[PDB]
>>> print(open('target-v7.tsv').read())   # TSV, N, CA and C atoms
chain	number	residue	atom	x	y	z
A	1	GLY	N	-15.92	-14.81	10.19
A	1	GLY	CA	-16.00	-13.72	11.14
A	1	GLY	C	-17.07	-13.93	12.19
A	2	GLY	N	-17.24	-12.95	13.07
A	2	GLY	CA	-18.24	-13.06	14.11
A	2	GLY	C	-18.30	-11.82	14.99
A	3	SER	N	-17.14	-11.22	15.23
A	3	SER	CA	-17.07	-10.02	16.06
A	3	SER	C	-16.89	-8.77	15.21
A	4	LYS	N	-17.20	-7.62	15.78
A	4	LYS	CA	-17.07	-6.35	15.07
A	4	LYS	C	-15.61	-5.93	14.96
A	5	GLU	N	-14.84	-6.19	16.01
A	5	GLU	CA	-13.43	-5.85	16.03
A	5	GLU	C	-12.72	-6.39	14.79
A	6	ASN	N	-13.10	-7.59	14.38
A	6	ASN	CA	-12.50	-8.22	13.21
A	6	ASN	C	-12.59	-7.30	11.99
A	7	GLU	N	-13.78	-6.77	11.74
A	7	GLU	CA	-13.99	-5.88	10.61
A	7	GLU	C	-13.29	-4.54	10.83
A	8	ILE	N	-13.46	-3.99	12.02
A	8	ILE	CA	-12.84	-2.71	12.36
A	8	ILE	C	-11.34	-2.74	12.09
A	9	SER	N	-10.70	-3.86	12.40
A	9	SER	CA	-9.27	-4.01	12.19
A	9	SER	C	-8.91	-3.78	10.73
A	10	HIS	N	-9.78	-4.22	9.83
A	10	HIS	CA	-9.56	-4.05	8.40
A	10	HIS	C	-9.42	-2.58	8.04
A	11	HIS	N	-10.44	-1.79	8.36
A	11	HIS	CA	-10.43	-0.37	8.07
A	11	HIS	C	-9.29	0.33	8.80
A	12	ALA	N	-9.07	-0.05	10.05
A	12	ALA	CA	-8.00	0.53	10.85
A	12	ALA	C	-6.64	0.31	10.21
A	13	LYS	N	-6.52	-0.78	9.45
A	13	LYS	CA	-5.27	-1.10	8.78
A	13	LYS	C	-4.92	-0.04	7.74
A	14	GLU	N	-5.94	0.56	7.15
A	14	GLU	CA	-5.74	1.59	6.14
A	14	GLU	C	-5.95	2.98	6.73
A	15	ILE	N	-6.63	3.04	7.87
A	15	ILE	CA	-6.89	4.31	8.54
A	15	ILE	C	-5.71	4.72	9.42
A	16	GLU	N	-5.04	3.73	10.00
A	16	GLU	CA	-3.90	3.99	10.87
A	16	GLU	C	-2.82	4.77	10.12
A	17	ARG	N	-2.55	4.37	8.89
A	17	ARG	CA	-1.54	5.03	8.07
A	17	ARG	C	-1.96	6.45	7.73
A	18	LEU	N	-3.27	6.70	7.75
A	18	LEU	CA	-3.81	8.02	7.45
A	18	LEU	C	-3.75	8.93	8.67
A	19	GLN	N	-4.32	8.45	9.78
A	19	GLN	CA	-4.34	9.22	11.02
A	19	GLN	C	-2.92	9.56	11.47
A	20	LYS	N	-1.96	8.74	11.05
A	20	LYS	CA	-0.57	8.95	11.41
A	20	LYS	C	0.13	9.84	10.39
A	21	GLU	N	-0.31	9.76	9.14
A	21	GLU	CA	0.27	10.57	8.07
A	21	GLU	C	-0.22	12.01	8.15
A	22	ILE	N	-1.50	12.17	8.49
A	22	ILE	CA	-2.09	13.50	8.60
A	22	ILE	C	-1.24	14.42	9.46
A	23	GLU	N	-0.60	13.84	10.48
A	23	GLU	CA	0.25	14.61	11.38
A	23	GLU	C	1.36	15.31	10.61
A	24	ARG	N	1.91	14.62	9.61
A	24	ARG	CA	2.99	15.17	8.80
A	24	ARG	C	2.43	15.99	7.64
A	25	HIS	N	1.45	15.43	6.95
A	25	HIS	CA	0.82	16.11	5.81
A	25	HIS	C	0.24	17.45	6.24
A	26	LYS	N	-0.69	17.41	7.19
A	26	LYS	CA	-1.33	18.62	7.69
A	26	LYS	C	-0.29	19.66	8.09
A	27	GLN	N	0.78	19.21	8.74
A	27	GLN	CA	1.85	20.10	9.17
A	27	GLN	C	2.62	20.64	7.98
A	28	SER	N	2.77	19.82	6.95
A	28	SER	CA	3.49	20.21	5.74
A	28	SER	C	2.71	21.26	4.96
A	29	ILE	N	1.38	21.13	4.97
A	29	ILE	CA	0.52	22.06	4.26
A	29	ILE	C	0.24	23.30	5.10
A	30	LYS	N	0.17	23.12	6.42
A	30	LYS	CA	-0.09	24.22	7.33
A	30	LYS	C	0.86	25.39	7.06
A	31	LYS	N	2.08	25.07	6.64
A	31	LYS	CA	3.08	26.09	6.35
A	31	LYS	C	2.51	27.14	5.40
A	32	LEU	N	1.78	26.69	4.39
A	32	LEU	CA	1.18	27.59	3.41
A	32	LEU	C	-0.16	28.12	3.91
A	33	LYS	N	-0.89	27.28	4.63
A	33	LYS	CA	-2.19	27.67	5.18
A	33	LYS	C	-2.05	28.85	6.13
A	34	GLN	N	-0.95	28.87	6.88
A	34	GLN	CA	-0.70	29.94	7.84
A	34	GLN	C	-0.86	31.31	7.18
A	35	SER	N	-0.54	31.38	5.89
A	35	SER	CA	-0.65	32.63	5.14
A	35	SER	C	-2.10	33.06	5.02
A	36	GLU	N	-2.99	32.09	4.82
A	36	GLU	CA	-4.41	32.38	4.68
A	36	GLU	C	-5.03	32.73	6.03
A	37	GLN	N	-5.01	31.77	6.95
A	37	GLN	CA	-5.56	31.98	8.28
A	37	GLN	C	-4.92	33.19	8.96
A	38	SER	N	-3.61	33.31	8.83
A	38	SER	CA	-2.87	34.42	9.43
A	38	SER	C	-3.21	34.55	10.91
A	39	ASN	N	-3.01	33.47	11.66
A	39	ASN	CA	-3.29	33.46	13.09
A	39	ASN	C	-2.07	33.00	13.88
A	40	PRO	N	-1.06	33.87	13.97
A	40	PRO	CA	0.18	33.58	14.70
A	40	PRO	C	-0.04	33.52	16.21
A	41	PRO	N	0.97	33.01	16.93
A	41	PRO	CA	0.91	32.88	18.39
A	41	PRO	C	0.97	34.23	19.09
A	42	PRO	N	0.67	34.23	20.40
A	42	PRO	CA	0.68	35.46	21.21
A	42	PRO	C	2.09	35.99	21.43
A	43	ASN	N	2.18	37.29	21.70
A	43	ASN	CA	3.47	37.93	21.94
A	43	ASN	C	4.32	37.11	22.90
A	44	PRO	N	5.64	37.35	22.89
A	44	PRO	CA	6.58	36.65	23.76
A	44	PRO	C	6.43	37.04	25.22
A	45	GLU	N	5.77	36.18	25.99
A	45	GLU	CA	5.55	36.44	27.41
A	45	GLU	C	5.86	35.20	28.25
A	46	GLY	N	6.26	35.42	29.50
A	46	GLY	CA	6.57	34.31	30.38
A	46	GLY	C	7.80	33.54	29.92
A	47	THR	N	7.57	32.50	29.12
A	47	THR	CA	8.66	31.67	28.62
A	47	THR	C	8.21	30.84	27.42
A	48	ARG	N	8.70	31.20	26.24
A	48	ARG	CA	8.35	30.48	25.02
A	48	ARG	C	8.58	28.98	25.18
A	49	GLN	N	9.60	28.62	25.96
A	49	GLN	CA	9.92	27.22	26.19
A	49	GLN	C	8.90	26.57	27.11
A	50	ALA	N	8.41	27.34	28.08
A	50	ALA	CA	7.42	26.84	29.03
A	50	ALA	C	6.12	26.47	28.32
A	51	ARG	N	5.74	27.28	27.33
A	51	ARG	CA	4.52	27.04	26.58
A	51	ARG	C	4.77	26.05	25.44
A	52	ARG	N	5.95	26.13	24.84
A	52	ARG	CA	6.31	25.25	23.73
A	52	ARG	C	6.52	23.82	24.23
A	53	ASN	N	7.01	23.69	25.45
A	53	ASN	CA	7.26	22.38	26.04
A	53	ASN	C	5.98	21.78	26.60
A	54	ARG	N	5.07	22.65	27.04
A	54	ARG	CA	3.80	22.21	27.60
A	54	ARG	C	2.78	21.93	26.49
A	55	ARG	N	2.84	22.72	25.43
A	55	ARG	CA	1.93	22.56	24.31
A	55	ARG	C	2.22	21.27	23.55
A	56	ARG	N	3.49	20.89	23.51
A	56	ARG	CA	3.90	19.67	22.82
A	56	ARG	C	3.07	18.48	23.28
A	57	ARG	N	2.66	18.51	24.54
A	57	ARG	CA	1.86	17.42	25.10
A	57	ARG	C	0.45	17.43	24.53
A	58	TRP	N	-0.08	18.62	24.27
A	58	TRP	CA	-1.42	18.77	23.72
A	58	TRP	C	-1.41	18.54	22.21
A	59	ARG	N	-0.55	19.26	21.51
A	59	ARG	CA	-0.44	19.14	20.06
A	59	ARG	C	-0.27	17.68	19.65
A	60	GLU	N	0.41	16.91	20.50
A	60	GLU	CA	0.64	15.50	20.22
A	60	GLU	C	-0.66	14.78	19.89
A	61	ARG	N	-1.60	14.81	20.83
A	61	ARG	CA	-2.89	14.16	20.64
A	61	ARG	C	-3.76	14.96	19.68
A	62	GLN	N	-3.71	16.28	19.80
A	62	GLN	CA	-4.50	17.16	18.94
A	62	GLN	C	-4.28	16.82	17.47
A	63	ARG	N	-3.06	16.41	17.14
A	63	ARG	CA	-2.72	16.06	15.76
A	63	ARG	C	-3.73	15.06	15.19
A	64	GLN	N	-3.95	13.98	15.92
A	64	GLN	CA	-4.89	12.95	15.49
A	64	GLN	C	-6.32	13.33	15.85
A	65	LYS	N	-6.49	13.97	17.00
A	65	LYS	CA	-7.80	14.39	17.46
A	65	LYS	C	-8.48	15.28	16.43
A	66	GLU	N	-7.83	16.38	16.08
A	66	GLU	CA	-8.37	17.31	15.10
A	66	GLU	C	-8.77	16.59	13.82
A	67	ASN	N	-8.00	15.57	13.46
A	67	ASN	CA	-8.27	14.79	12.26
A	67	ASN	C	-9.62	14.07	12.36
A	68	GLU	N	-9.95	13.62	13.57
A	68	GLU	CA	-11.21	12.92	13.81
A	68	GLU	C	-12.39	13.76	13.34
A	69	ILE	N	-12.54	14.95	13.93
A	69	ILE	CA	-13.63	15.84	13.57
A	69	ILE	C	-13.55	16.25	12.10
A	70	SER	N	-12.33	16.39	11.60
A	70	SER	CA	-12.12	16.78	10.21
A	70	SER	C	-12.79	15.79	9.26
A	71	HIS	N	-12.77	14.51	9.63
A	71	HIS	CA	-13.37	13.47	8.82
A	71	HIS	C	-14.82	13.82	8.47
A	72	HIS	N	-15.51	14.45	9.41
A	72	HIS	CA	-16.90	14.84	9.20
A	72	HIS	C	-16.99	16.07	8.29
A	73	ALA	N	-16.03	16.97	8.43
A	73	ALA	CA	-15.99	18.19	7.62
A	73	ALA	C	-15.69	17.86	6.16
A	74	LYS	N	-14.59	17.15	5.94
A	74	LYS	CA	-14.18	16.78	4.59
A	74	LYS	C	-15.32	16.10	3.84
A	75	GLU	N	-16.12	15.32	4.57
A	75	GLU	CA	-17.25	14.61	3.98
A	75	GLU	C	-18.14	15.57	3.20
A	76	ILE	N	-18.28	16.79	3.71
A	76	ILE	CA	-19.10	17.80	3.06
A	76	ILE	C	-18.25	18.97	2.58
A	77	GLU	N	-17.62	18.80	1.42
A	77	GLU	CA	-16.78	19.85	0.84
A	77	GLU	C	-17.17	20.12	-0.61
A	78	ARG	N	-16.89	21.34	-1.07
A	78	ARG	CA	-17.21	21.73	-2.44
A	78	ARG	C	-16.18	21.17	-3.41
A	79	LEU	N	-16.67	20.52	-4.47
A	79	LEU	CA	-15.79	19.93	-5.47
A	79	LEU	C	-15.36	20.98	-6.49
A	80	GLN	N	-14.06	21.02	-6.78
A	80	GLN	CA	-13.52	21.97	-7.74
A	80	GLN	C	-12.86	21.25	-8.91
A	81	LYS	N	-13.66	20.48	-9.65
A	81	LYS	CA	-13.17	19.74	-10.80
A	81	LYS	C	-13.94	20.12	-12.06
A	82	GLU	N	-13.26	20.05	-13.20
A	82	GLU	CA	-13.88	20.38	-14.48
A	82	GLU	C	-14.37	21.83	-14.49
A	83	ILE	N	-13.47	22.75	-14.16
A	83	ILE	CA	-13.81	24.17	-14.13
A	83	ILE	C	-12.94	24.96	-15.09
A	84	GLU	N	-13.41	26.15	-15.47
A	84	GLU	CA	-12.67	27.01	-16.39
A	84	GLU	C	-11.28	27.31	-15.84
A	85	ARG	N	-10.27	27.11	-16.68
A	85	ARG	CA	-8.89	27.36	-16.28
A	85	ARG	C	-8.10	27.99	-17.42
A	86	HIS	N	-7.00	28.65	-17.08
A	86	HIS	CA	-6.16	29.30	-18.08
A	86	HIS	C	-4.70	28.86	-17.93
A	87	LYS	N	-3.97	28.91	-19.04
A	87	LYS	CA	-2.56	28.51	-19.04
A	87	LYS	C	-1.70	29.58	-19.69
A	88	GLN	N	-1.18	30.50	-18.87
A	88	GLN	CA	-0.34	31.58	-19.37
A	88	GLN	C	1.04	31.05	-19.76
A	89	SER	N	1.16	30.54	-20.98
A	89	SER	CA	2.42	30.00	-21.47
A	89	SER	C	3.33	31.12	-21.98
A	90	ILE	N	2.71	32.15	-22.56
A	90	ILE	CA	3.46	33.28	-23.10
A	90	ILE	C	4.44	33.82	-22.07
A	91	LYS	N	4.06	33.75	-20.80
A	91	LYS	CA	4.91	34.24	-19.72
A	91	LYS	C	6.31	33.64	-19.81
A	92	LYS	N	6.39	32.41	-20.30
A	92	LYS	CA	7.67	31.73	-20.45
A	92	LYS	C	8.57	32.47	-21.43
A	93	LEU	N	7.96	33.06	-22.45
A	93	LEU	CA	8.71	33.80	-23.46
A	93	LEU	C	8.89	35.26	-23.04
A	94	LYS	N	7.82	35.86	-22.53
A	94	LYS	CA	7.85	37.25	-22.09
A	94	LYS	C	8.91	37.45	-21.01
A	95	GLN	N	8.95	36.53	-20.05
A	95	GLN	CA	9.91	36.60	-18.96
A	95	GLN	C	11.34	36.57	-19.49
A	96	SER	N	11.56	35.80	-20.56
A	96	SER	CA	12.88	35.68	-21.16
A	96	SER	C	13.20	36.90	-22.02
A	97	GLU	N	12.21	37.37	-22.76
A	97	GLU	CA	12.39	38.54	-23.62
A	97	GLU	C	13.58	38.35	-24.55
A	98	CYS	N	13.77	37.11	-25.01
A	98	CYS	CA	14.88	36.80	-25.91
A	98	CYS	C	14.42	36.79	-27.36
>>> encode(input="target-v7.tsv", output="structure tokens")
Amino acid sequence: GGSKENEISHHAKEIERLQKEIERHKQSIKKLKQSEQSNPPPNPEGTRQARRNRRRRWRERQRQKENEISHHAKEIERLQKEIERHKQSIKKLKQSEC
């Protein structure tokens, strides 16, 4: 080796698949997240197509962009492993009531 690009290419090889996957993953999870955040779009004004067609240009880059800053956030997150949990198995029988 000798240049930095050489090394960067290595990480990018595994990061590219991530920055590209996040677009689908984040969108796949957002469906459920929407319930928590509960921040829907503005009332129907002007033209939903005018904003939907114009936003597509922003959301495109935003998909990967937002992921960039997220990398810093995820770095500092609370771990939820090895915690008290319950398993309501009886529900399987109660629900049946057989």
>>> atom_distance(input="target-v7.tsv", atom1="atom C of residue 65 in chain A", atom2="CA of residue 28 in chain A")
16.8 Å
>>> closest_residue(input="target-v7.tsv", among="A:97, A:12, A:24, A:1", to="residue 60 in chain A", atoms="only C-alpha atoms")
A:24
>>> residues_around(input="target-v7.tsv", residues="range 69-75 of chain A", least_positions_apart="4", cutoff="12 Å", atoms="only C-alpha atoms", output="list in words")
residues 15, 18, 19, 22, 26, 62, 63, 64, 65 and 79 of chain A
>>> select_by_dssp(input="target-v7.tsv", residues="chain A", states="alpha helix (DSSP H)", output="VMD selection string")
chain A and resid 4 to 37 48 to 75 90 to 94
>>> atom_distance(input="target-v7.tsv", atom1="atom N of residue 7 in chain A", atom2="atom N of residue 61 in chain A")
26.4 Å
>>> atom_distance(input="target-v7.tsv", atom1="atom C of residue 32 in chain A", atom2="atom N of residue 14 in chain A")
28.3 Å
>>> decode(input="target-v7.tsv", residues="range 48-82 of chain A", atoms="N, CA, C and O atoms", output="compact mmCIF listing (two decimals), in the first residue's frame")
# COMPACT_ATOMS: atom_id res chain seq x y z
N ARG A 48 -50.30 17.47 -4.44
CA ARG A 48 -49.55 16.38 -3.82
C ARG A 48 -48.48 15.86 -4.77
O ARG A 48 -47.41 15.44 -4.33
N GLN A 49 -48.77 15.89 -6.07
CA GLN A 49 -47.82 15.41 -7.07
C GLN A 49 -46.66 16.39 -7.23
O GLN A 49 -45.52 15.98 -7.45
N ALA A 50 -46.96 17.68 -7.11
CA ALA A 50 -45.94 18.71 -7.24
C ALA A 50 -44.90 18.60 -6.13
O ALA A 50 -43.71 18.81 -6.36
N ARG A 51 -45.36 18.26 -4.93
CA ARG A 51 -44.47 18.12 -3.79
C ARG A 51 -43.85 16.73 -3.74
O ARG A 51 -42.70 16.56 -3.36
N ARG A 52 -44.64 15.73 -4.14
CA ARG A 52 -44.18 14.35 -4.14
C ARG A 52 -43.13 14.13 -5.23
O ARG A 52 -42.21 13.33 -5.07
N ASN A 53 -43.28 14.84 -6.34
CA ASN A 53 -42.35 14.73 -7.46
C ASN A 53 -41.09 15.55 -7.21
O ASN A 53 -40.01 15.21 -7.69
N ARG A 54 -41.24 16.64 -6.46
CA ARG A 54 -40.12 17.51 -6.14
C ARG A 54 -39.33 16.97 -4.95
O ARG A 54 -38.10 17.10 -4.90
N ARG A 55 -40.04 16.38 -4.00
CA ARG A 55 -39.40 15.82 -2.81
C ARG A 55 -38.56 14.60 -3.16
O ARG A 55 -37.52 14.35 -2.54
N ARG A 56 -39.00 13.85 -4.16
CA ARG A 56 -38.29 12.65 -4.59
C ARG A 56 -36.82 12.97 -4.86
O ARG A 56 -35.95 12.12 -4.67
N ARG A 57 -36.56 14.19 -5.31
CA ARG A 57 -35.19 14.61 -5.61
C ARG A 57 -34.39 14.79 -4.33
O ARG A 57 -33.19 14.51 -4.30
N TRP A 58 -35.05 15.26 -3.28
CA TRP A 58 -34.39 15.48 -2.00
C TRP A 58 -34.26 14.18 -1.23
O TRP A 58 -33.16 13.81 -0.79
N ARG A 59 -35.37 13.48 -1.06
CA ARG A 59 -35.38 12.21 -0.33
C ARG A 59 -34.32 11.26 -0.89
O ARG A 59 -33.74 10.47 -0.15
N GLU A 60 -34.07 11.35 -2.19
CA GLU A 60 -33.09 10.50 -2.84
C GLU A 60 -31.75 10.57 -2.11
O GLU A 60 -31.24 9.55 -1.63
N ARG A 61 -31.18 11.77 -2.03
CA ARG A 61 -29.90 11.96 -1.35
C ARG A 61 -30.07 11.88 0.16
O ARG A 61 -29.22 11.31 0.85
N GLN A 62 -31.16 12.44 0.67
CA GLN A 62 -31.43 12.43 2.10
C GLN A 62 -31.33 11.01 2.66
O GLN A 62 -30.90 10.81 3.80
N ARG A 63 -31.73 10.03 1.85
CA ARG A 63 -31.69 8.64 2.27
C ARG A 63 -30.32 8.27 2.81
O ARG A 63 -30.19 7.73 3.91
N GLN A 64 -29.28 8.56 2.03
CA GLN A 64 -27.91 8.26 2.43
C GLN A 64 -27.36 9.35 3.35
O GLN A 64 -26.61 9.07 4.28
N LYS A 65 -27.75 10.59 3.08
CA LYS A 65 -27.29 11.72 3.88
C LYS A 65 -27.64 11.52 5.35
O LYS A 65 -26.76 11.52 6.21
N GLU A 66 -28.93 11.34 5.63
CA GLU A 66 -29.39 11.14 7.00
C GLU A 66 -28.61 10.02 7.68
O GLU A 66 -28.33 10.07 8.87
N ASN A 67 -28.25 9.00 6.90
CA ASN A 67 -27.50 7.86 7.42
C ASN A 67 -26.13 8.30 7.92
O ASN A 67 -25.63 7.78 8.92
N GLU A 68 -25.53 9.26 7.23
CA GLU A 68 -24.22 9.77 7.60
C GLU A 68 -24.21 10.24 9.05
O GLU A 68 -23.45 9.73 9.88
N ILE A 69 -25.06 11.22 9.36
CA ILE A 69 -25.15 11.76 10.71
C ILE A 69 -25.57 10.69 11.70
O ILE A 69 -25.14 10.69 12.85
N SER A 70 -26.42 9.77 11.25
CA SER A 70 -26.90 8.69 12.10
C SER A 70 -25.74 7.86 12.64
O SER A 70 -25.77 7.40 13.78
N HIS A 71 -24.71 7.69 11.82
CA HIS A 71 -23.54 6.92 12.22
C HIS A 71 -22.98 7.42 13.54
O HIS A 71 -22.50 6.64 14.37
N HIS A 72 -23.05 8.73 13.75
CA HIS A 72 -22.55 9.34 14.98
C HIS A 72 -23.52 9.10 16.14
O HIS A 72 -23.10 8.90 17.28
N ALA A 73 -24.81 9.11 15.83
CA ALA A 73 -25.83 8.88 16.85
C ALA A 73 -25.80 7.44 17.35
O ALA A 73 -25.71 7.19 18.55
N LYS A 74 -25.89 6.50 16.42
CA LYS A 74 -25.87 5.08 16.76
C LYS A 74 -24.67 4.75 17.65
O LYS A 74 -24.76 3.91 18.55
N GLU A 75 -23.55 5.41 17.38
CA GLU A 75 -22.33 5.19 18.16
C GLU A 75 -22.61 5.32 19.65
O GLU A 75 -22.03 4.59 20.46
N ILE A 76 -23.49 6.24 20.01
CA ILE A 76 -23.84 6.46 21.41
C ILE A 76 -25.30 6.12 21.67
O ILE A 76 -26.16 7.00 21.71
N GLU A 77 -25.57 4.83 21.85
CA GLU A 77 -26.93 4.36 22.11
C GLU A 77 -26.97 3.46 23.34
O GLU A 77 -25.98 2.83 23.69
N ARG A 78 -28.13 3.41 24.00
CA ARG A 78 -28.30 2.59 25.19
C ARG A 78 -28.49 1.12 24.81
O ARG A 78 -29.32 0.79 23.97
N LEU A 79 -27.71 0.25 25.45
CA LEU A 79 -27.79 -1.18 25.19
C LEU A 79 -28.93 -1.82 25.98
O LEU A 79 -29.07 -1.58 27.18
N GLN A 80 -29.73 -2.63 25.30
CA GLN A 80 -30.86 -3.30 25.95
C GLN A 80 -30.70 -4.82 25.87
O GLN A 80 -31.53 -5.51 25.27
N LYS A 81 -29.63 -5.33 26.47
CA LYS A 81 -29.36 -6.76 26.47
C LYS A 81 -29.25 -7.29 27.90
O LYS A 81 -28.83 -6.58 28.81
N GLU A 82 -29.63 -8.55 28.08
CA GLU A 82 -29.58 -9.18 29.40
C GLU A 82 -30.45 -8.43 30.40
O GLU A 82 -29.99 -8.03 31.47
